[PDB]
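Before any comments, here is the structure.
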There are 2 protein chains.
Amino acid sequence: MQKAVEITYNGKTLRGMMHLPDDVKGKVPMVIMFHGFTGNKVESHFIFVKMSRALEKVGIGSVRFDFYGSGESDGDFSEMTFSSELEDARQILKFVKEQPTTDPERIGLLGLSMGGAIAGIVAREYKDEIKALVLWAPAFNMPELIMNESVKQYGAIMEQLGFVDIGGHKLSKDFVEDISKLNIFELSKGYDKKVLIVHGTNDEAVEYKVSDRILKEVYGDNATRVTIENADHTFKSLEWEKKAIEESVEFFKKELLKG
Amino acid sequence: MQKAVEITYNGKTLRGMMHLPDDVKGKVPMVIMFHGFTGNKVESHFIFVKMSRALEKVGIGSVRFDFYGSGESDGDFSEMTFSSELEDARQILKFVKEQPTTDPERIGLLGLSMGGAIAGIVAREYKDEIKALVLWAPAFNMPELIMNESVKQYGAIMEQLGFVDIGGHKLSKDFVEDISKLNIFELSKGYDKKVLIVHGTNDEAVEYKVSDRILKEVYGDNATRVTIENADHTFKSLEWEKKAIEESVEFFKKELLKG
Ligand SMILES: CCCCCCCC/C=C/CCCCCCCC(=O)OC[C@H](O)CO
Ligand SMILES: [Cl-]
């Protein structure tokens, strides 16, 4: 079953979707999904919706919200910063924990690109109550990625405008200042539960090498990678998408359902 | 006021968003918005969401649903045809008509790309009860767009797969067969109320010349085109989407609010 849900906090309203298994009523495992930069809760070629329905089938529920300033949620994109999305995330996890259908023992996190960076930080911040973590092409190098564009053109354009057009989105000065001061690798360092990284070798938004760094610097043996040969950033093909979803569902099955 | 809404018919659930102007009294004008091919109700850089909020501020309400097979709604893309989206649209119109807050005499349609083809056909079908029509990069040439693509490669792939992968979506043989049978130009002919066409000269998905054909063939002097120079398909810049939205709202303001 699928229903729209809301969260209202600090005069901000977040809008999202909630899934629960049909044939398994009771208290269930839940996966929270965080979308990427300029993405939304449906995500690229509806891959998050597909993921929710795949989890539903094996008895795991999920929620996925639009961050403030994105998609269906309140706010202008120019009001959003990484930190503001981090705050959204905490409010989202709280929402999940308070559902009478939520098994508070078996809660997992999933994030794509910048949403993957959110997930890593949230997972660690709550390491004692997040049972598993899946990272899709995690943009742990986001601050660096953004800082480079700043020196290339953003800095110059922002100096003059206070923002930059990144394609029908007003990216504000406050975003670049906020994220320049953050290090995602470090804020994710220290999560001990199971971790799945899924990444396409041919990713051109978040280079595949970023996942090497994460395995090395951030997690130990608890982290495993699923490499998808030739795949682009959001796994933009039926078989790339199928692989990413099945591996992630299998992983969440083993980690959230058993014992 | 923004709230999630739901339609069900023939075992299909459509999920959408509804906007109403805050505490204006009694029934209000409504704009129904149809998203494009592989798009969803949020649409490119949230332009539909932005269009909805801009309409709300001038006292015009709106609804935006995901077509069956897309976004948050039920179904896989493989089940969708142009005709099934037409049927969705008829159910969405009915839904809007039967809301207590709807002024039945002031309903307008807006459609992007293939959603524009939908709106054009629906506008004609209900020409006596659709007050105004707005078309964004209307893909009235969708049949030949696909048929070109079909004869090139689809046949062999279709036979053994039943679909082709258009990038994380199953485009079915049924879609191709169904669309070949339609003439959106002829099906849209005869809508005699006001029409606004907004189209970018650098549209790489629906070539600007299609709008020429539509003005020449489909409508009379009741149709007007706003040309956005250099813009791509979904007006992917701050200035372009602003112009598309504002011209569209002004048009709807003029057509829906007084006469
Ligand atoms: C390789 C992927 C990027 C990796 C690095 C981080 C990028 C973060 C944001 C990038 C948006 C880049 C494209 C921005 C395009 C803006 C176009 C625009 O402003 O208007 C449209 C057109 O240029 C007429 O004006
Ligand atoms: Cl929604």
Side-chain angles (χ1 to χ4, degrees), chain A residues 17 19 28-37 39 41-65 85 89 92-93 96 103 105-127 129-140 142 184-185 187-200 203 205-206 208 210-215 218-228 231 233-235 240-257:
Chain A
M17 281 290 166
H19 293 252
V28 294
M30 298 286 297
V31 168
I32 302 163
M33 309 181 202
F34 301 126
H35 64 76
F37 187 59
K41 57 173 165 61
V42 162
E43 264 300 340
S44 194
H45 40 97
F46 321 143
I47 190 173
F48 270 14
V49 181
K50 290 160 180 180
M51 179 66 184
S52 282
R53 290 171 178 162
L55 290 171
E56 187 229 296
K57 195 202 181 191
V58 305
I60 297 180
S62 58
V63 313
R64 21 180 201 91
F65 277 81
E85 281 193 359
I92 293 165
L93 174 69
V96 167
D103 187 339
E105 305 292 335
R106 300 159 143 90
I107 298 178
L109 299 179
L110 184 149
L112 176 61
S113 182
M114 191 169 82
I118 305 287
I121 297 174
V122 168
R124 166 59 179 90
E125 275 191 29
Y126 303 83
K127 81 170 169 213
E129 41 178 314
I130 306 296
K131 226 225 202 116
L133 173 69
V134 171
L135 304 175
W136 289 358
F140 280 28
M142 198 73 188
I184 285 99
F185 294 97
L187 298 163
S188 305
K189 212 156 139 91
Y191 182 76
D192 295 316
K193 317 279 172 37
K194 287 284 156 99
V195 182
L196 188 67
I197 300 189
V198 186
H199 211 138
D203 193 326
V206 178
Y208 180 83
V210 175
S211 65
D212 295 320
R213 294 192 54 191
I214 297 172
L215 297 167
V218 180
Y219 310 107
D221 259 33
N222 52 324
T224 298
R225 176 166 60 181
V226 171
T227 294
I228 308 183
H233 180 54
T234 66
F235 317 121
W240 288 341
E241 169 176 78
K242 179 185 189 291
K243 172 84 167 291
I245 287 178
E246 288 181 350
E247 292 289 343
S248 299
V249 163
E250 257 321 304
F251 173 86
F252 273 136
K253 236 189 133 181
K254 187 179 177 184
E255 297 306 316
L256 263 44
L257 280 179

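Throughout, protein chains are lettered first and strands after them, A, B, ... in sequence-line order, and every chain is numbered starting at 1. Below, all heavy atoms of this structure are taken into account, side chains as well, without hydrogens, waters or symmetry copies.
- Surrounding NZ of A/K194 are at most 12 heavy atoms belonging to other residues, nucleotides or ligands under 6.0 Å away.
- Under the ring pair (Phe, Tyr, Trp, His ring centres under 6.0 Å) criterion, A/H19 pairs with no residue, sequence neighbours left out.
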### Derivation of the side-chain contact (heavy atoms from CB on, under 4.5 Å) call for A/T234 and A/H45
CA-CA 8 Å; A/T234 66; A/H45 40 97; 3.2 Å; yes
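- Proximity of a side-chain donor or acceptor of A/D203 to a complementary backbone N or O of A/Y208 within less than 3.5 Å is not detected.
- Minimum interatomic distance between A/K41 and A/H35 (heavy atoms only, all atoms of both residues): N-CD2, 3.8 Å.
- With rounding to the nearest 0.5 angstrom, the CD atom of A/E43 is 8.5 Å from the OG atom of A/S113.
- A cation-pi contact, defined as under 6.0 Å to the ring centre and within 45° of the axis, is absent between A/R213 and A/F140.
- Applying the side-chain contact (heavy atoms from CB on, under 4.5 Å) rule to A/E125 yields the partners A/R90, A/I121; only residues at least two apart in sequence or on another chain are considered.
- Nearest heavy-atom pair, A/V206 versus A/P138, reported as atom, atom and distance to 0.1 Å: CG1-O, 3.5 Å.
- The ring pair (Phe, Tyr, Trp, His ring centres under 6.0 Å) check on A/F235 picks up A/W136, with sequence neighbours excluded.
- Taking all atoms of both residues into account, the shortest heavy-atom contact from A/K243 to A/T227 is NZ-O, 3.7 Å.
- Among all heavy-atom pairs drawn from A/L256 and A/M30, the shortest one is CD2-O, 4.2 Å.
- Taking both residues in full, the closest heavy atoms of A/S248 and A/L196 are given as CA-CD2, 3.9 Å, listed atom of the first, atom of the second, then distance.
- The two residues A/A132 and A/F252 have their closest heavy-atom pair at CB-CE2, 4.1 Å.
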